[PDB]
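Accompanying notes for the structure given below.
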Ligand SMILES: CC#Cc1cncc(-c2cccc([C@@]3(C4CC4)NC(=N)N(C)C3=O)c2)c1
């Protein structure tokens, strides 16, 4: 590892998000910021909120610049309004540089901040195309690269603990690493395999084949990327398009048929519990996603275990049982490779070479019988036809 200063700079968990410490303004105001590859705005709480114990105070920053423009950002579940400005921004456990970046100062919000998440803002790491209000609002990473000598690349190691972390534990635990400008070899084992970034807006990729315990889901590959497939550190679940979700759940049910689970479990609503240490990992299948390779007609696969897709949760009765929720769910907006995928792998967002790399994570949870994997190459034809077009 050549980036010791950035290794282990993340905290949090899949259910509430992984965050990095940043500073905004002069003198520096410390805030915890959600690492989000699924959006492109740097937006921070800038007014009192019940779930915030701190926020950005523009009046206390001598370097604050008012852009005299508001922003209204409505999501599916949650929304926020803010005021656009610029200020000096740094990442203490990051590159040793300070940059002037756009900041959306959140003045009003609904279901945006998460009680107990320990973060006060979001760092949208995707491209300008999806920035709000429009693509003229330069994203943080674009500003960072343009103003410094930091290489146009970052890499994420999200570390699921494999068990529930209480309030105190989640604050004292290392949640992972965000390496700005490089690849740290201590965060992964084996080889890195790269898939092309199809288009620069979200981190869009193309899935060419899906298997459940080596059994091909056998769907037209276009279904897997309908209407897009993205890598999103800001989503908890592995989200699948409706038809893909229906086919995958049927196959996961069939593979795990020695034990029957209620519909609410498969719906990701209800947890399932087993006596301490008896989780029957072996009855649940592995899931492989084949991604388009960098070489013509070549693909590779990333394989996750139930230790990635079964999210550890504390039992309602805080008993000694090991409990989980099913962390694969349906989407009407394409595939979303969220923390379920990301926790299995070290993920390299190689913007300079328009590609995303995957390698087995040094912090993925597994058992003595199975491990997550990144393998290749495979001969795969007409992979371009797997990509969806409106
Ligand atoms: C892993 C993880 C996580 C996580 C947990 N709880 C809330 C959030 C959380 C909180 C606020 C906004 C967001 C968003 C919006 C677009 C900016 N980021 C994102 N990629 N997605 C799909 C969102 O809805 C996520 C993330």
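For chain A, we keep the numbers from Swiss-Prot: what you see runs 58-447, in order.
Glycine is treated like the rest: Cβ placed from N, Cα and C.
Feature annotation from Swiss-Prot across 168, 203, 275, 382 places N6-acetyllysine at 275. Checking 126, 411 against Swiss-Prot, you find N6-acetyllysine recorded for 126. When 136, 285 are compared in Swiss-Prot, the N6-acetyllysine annotation sits on 285. In Swiss-Prot, the annotation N6-acetyllysine falls on 300, out of 300, 310. Among the recorded positions listed (172, 223, 278, 299), 299 has its Cα nearest to the Cα of residue 289 (active site). Between residue 223 (N-linked glycosylation site) and residue 172 (N-linked glycosylation site), the C-alpha separation comes to 14 Å. Less than 6 Å separates the Cβ from ligand 1 in the case of 93, 289, drawn from the recorded positions 93, 275, 285, 289, 300, 330 in sequence order. Nearest by CA distance to residue 275 (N6-acetyllysine), out of the recorded positions 153, 299, 307, 330, 354, is 307. A straight line from the CA of residue 278 (disulfide bond) to the CA of residue 285 (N6-acetyllysine) spans 12 Å. When other Cβ atoms within 10 Å of the Cβ of residue 223 (N-linked glycosylation site) are tallied across all protein chains shown, the result is 9.
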